[PDB]
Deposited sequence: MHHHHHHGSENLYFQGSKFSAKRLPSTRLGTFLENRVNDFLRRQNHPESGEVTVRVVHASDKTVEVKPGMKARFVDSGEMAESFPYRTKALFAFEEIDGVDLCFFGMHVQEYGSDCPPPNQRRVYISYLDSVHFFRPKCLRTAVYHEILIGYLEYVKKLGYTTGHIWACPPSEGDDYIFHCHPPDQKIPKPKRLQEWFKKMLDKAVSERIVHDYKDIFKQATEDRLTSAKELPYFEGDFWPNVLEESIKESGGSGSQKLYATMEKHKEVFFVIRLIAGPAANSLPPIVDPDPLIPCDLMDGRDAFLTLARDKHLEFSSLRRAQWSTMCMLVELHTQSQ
């Protein structure tokens, strides 16, 4: 075999991580209990991990940071992970997700939280009848894994991409339907209800219920995440001027899930979060832009199985080499 088409550049030979091994073990265990003949071995790899900070934007800084009520910035670790399936000997990249992990050495209100910035997929998983179930196993495992390290809360924003935009994979298949907000909200509910039944998630609530239950009064109590809706909405509210906050939360409450992983009394005694995986510098996978940019420029579409496999191979070579 030619050098770049050799096994050295396969998904499997990408460096292993504790998180990657955990997710894939869980996915392949679910797959072996199904005993479906056309399914292939799944590989999950964390391909980027780096320390970042999210600084509070000027309006909120003015109101809350200079007055001493709120830290000016929050440290977090961003991770990029991808799921691959071998389809009769060929690696296919079918799912990806970037997350933001705010640890125990982080000020409130962001302490011990994970945020799913971006998630995306391409619908060639074989067999197609286990596709949704596998996406759910990955998400559930992610939540279980971070619970076990000592993250207490998770945060999901269910916004589908506007028509024609791609979140991670350049050029989806034209026959891959994009769900409307309702269908996506239900999809997340189904996943979370399964996580709840496994006693991974204690419970979840939309942001309006949660705020009510928390008797939240100030905007400084909201988690402040990189690239999220809510920091832009507050800069919008400040530049032009609790009545307007709750009103805005109620309005978008279906779209934002607060996921409680560790509950009440247990969440105060927690030891410090120790992440046993290393940092993994990889500029290609530092947020979603770099990979969209490369794939646009080099014409690496994910728009058919065969384009997706070529695109996957180029992706892999690049991760192995940078």
property: Deposited positions lacking CA coordinates; result: 1-10, 252-255, 337-338
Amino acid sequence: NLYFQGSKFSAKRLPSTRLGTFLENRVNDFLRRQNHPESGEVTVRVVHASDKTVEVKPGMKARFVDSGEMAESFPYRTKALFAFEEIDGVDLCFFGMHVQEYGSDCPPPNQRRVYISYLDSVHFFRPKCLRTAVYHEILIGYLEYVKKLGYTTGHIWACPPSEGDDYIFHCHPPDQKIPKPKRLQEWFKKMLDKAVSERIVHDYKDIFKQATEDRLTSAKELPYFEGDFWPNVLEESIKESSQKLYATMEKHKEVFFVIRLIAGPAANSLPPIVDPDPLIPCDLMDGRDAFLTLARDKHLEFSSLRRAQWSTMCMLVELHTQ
From here on, numbers count along this sequence of modelled residues.
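Just so we're on the same page, rigid core means the largest C-alpha set that superposes within 1.5 Å between forms.
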query: Higher-deviation stretch (C-alpha RMS, rigid core fit) in 6 other deposited structures of this protein, choosing from 83-91 and 243-251; finding: 243-251
query: Stretch exceeding the other in mean C-alpha B-factor - 282-290, 261-269; finding: 261-269
query: Between the two ranges 211-219 and 109-117, the one averaging a larger CA B factor in the entry; finding: 211-219
query: Peak C-alpha temperature factor (PDB record), options 201, 133, 80, 158; finding: 158
query: Of the residues 245, 93, 149, 168, the one carrying the largest Cα B-factor as recorded; finding: 245
query: Within-chain third of residue 206 by Cα B-factor, per the entry; finding: highest
query: CA B-factor placement of residue 316, once the chain's modelled residues are sorted into thirds; finding: lowest
query: Chain thirds of CA B-factor: placement of residue 307; finding: middle
query: Third of chain Cα B-factors occupied by residue 14; finding: middle
query: Cα B factor band for residue 35 (lowest, middle or highest third within the chain); finding: highest
